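Single chain ahead, by itself, as structure tokens, in the form solved without ligand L8Q.
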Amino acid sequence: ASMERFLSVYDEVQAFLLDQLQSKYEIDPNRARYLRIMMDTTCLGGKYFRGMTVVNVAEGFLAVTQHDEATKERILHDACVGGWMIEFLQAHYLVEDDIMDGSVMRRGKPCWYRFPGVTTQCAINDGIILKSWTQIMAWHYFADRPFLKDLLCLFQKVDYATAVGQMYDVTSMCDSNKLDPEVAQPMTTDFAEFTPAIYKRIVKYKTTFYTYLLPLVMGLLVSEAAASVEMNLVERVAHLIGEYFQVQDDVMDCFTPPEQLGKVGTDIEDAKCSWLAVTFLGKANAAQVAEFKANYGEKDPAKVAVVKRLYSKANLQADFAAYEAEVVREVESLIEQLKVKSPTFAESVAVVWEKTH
């Protein structure tokens, strides 16, 4: 099965990377063990949604395309390697983002930089190595492949879009007109930049390119199937599903209990431009807006409890139901448009949506 092939390829890639460090980079066994532990701790334990989307898209095409058995095996192995490039790209951004944000946990486990024998000094570089490994595995496994050029170019643009999104996110509680490397940034007092368009831009770049666009397009590239789709349509459906995914994460940060969330949610304390804050500001009256400004972006638990009460009272659940209903209409419309050129790819998008929704 797909998951078992995917996990087996992780062991193969790891062995290759570590053997190459020994044969070419003069690594010693203790540092190779540190790196093996770092790779397992940062890359494993999740759902592998991104990596498995590449494999699922590739298997959809295998069902409808004539190939020798050895070719089907090669395509699946390429989809697994490609899927691991995305999982390692994610691992790079989670390691770095956890250090940037001073995060404590991620999925009921301490953040990598918090491990006693790691520290921020190592962890920042470990994050750098994680991304460097994505390129090492591409050049090694896809050296003779016709899709190598397109895959490297796509991967670079998605990585860049992600870093641009991280910039939009970390600066989301500042006033744009006040941004200045020379002056410490005050948190906004007016919240004028907490709008649906500004929120959409953070989410589009920070998450949707690496979580949805990259796995779908990589599945097409390893299958040599990019002519079966209109790329503008794949972009629109990736950004749409990706946004819905983040709206879910945002609601969960505030209302999902820490035991289920796998961390203590701090979007309110961090003054993040969340779906809840933007949607609340789109419907609140004068007194509610004023109460929001006097309590948002503060570590004080009483102030955090005021914000959480305003959200519950504002009936944000109704806004979510309306938003979700709108997303369902649009996702179905885009799936219908994809069916024109590829029913197989349209079906893979339907699975990705079902897994998100």
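Numbering starts at 1 and runs along the sequence shown.
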Discussion item. Using only C-alpha atoms and the B-factors in the entry, which stretch averages higher, 176 to 184 or 153 to 161?
Written reply: 176 to 184
Worksheet item: Once you work out the mean C-alpha B-factor for both 164 to 172 and 281 to 289 from the entry, which is higher?
Response: 281 to 289
Worksheet item: Taking the Cα B-factors listed in the entry, which of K303, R33, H67, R50 comes out highest?
Response: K303
Fill in: Among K204, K263, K131, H140 - the residue whose C-alpha B-factor is largest in the record
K263
Worksheet entry | Chain thirds of CA B-factor: placement of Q14 | lowest
Fill in: Lowest, middle or highest third - CA B-factor, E87
lowest
Fill in: Where the record places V57 (Cα B-factor, split into thirds across the chain)
lowest
Item to complete: Using the B-factors in the PDB entry, rank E73's C-alpha atom against the chain and give the third, lowest, middle or highest.
Response: middle
Fill in: CA B-factor ranking of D40, expressed as a third of its chain
lowest
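Only in words, not in the display: the form solved in complex with ligand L8Q, which the text now covers.
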Worksheet item: For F245, is any heavy atom within 4.5 Å of ligand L8Q in the bound PDB entry, or not?
Response: yes
Practice prompt. Check whether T211 has any heavy atom within 4.5 Å of a heavy atom of ligand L8Q in the bound PDB entry, and answer yes or no.
Written response: yes
Discussion item. If the criterion is a non-hydrogen atom within 4.5 angstroms, does every one of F142, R145 and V222 touch ligand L8Q in the bound PDB entry?
Written reply: no
Worksheet, complete the sentence: Restricting to 110 to 128, the residues within 4.5 Å of ligand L8Q in the bound PDB entry through any heavy atom are none
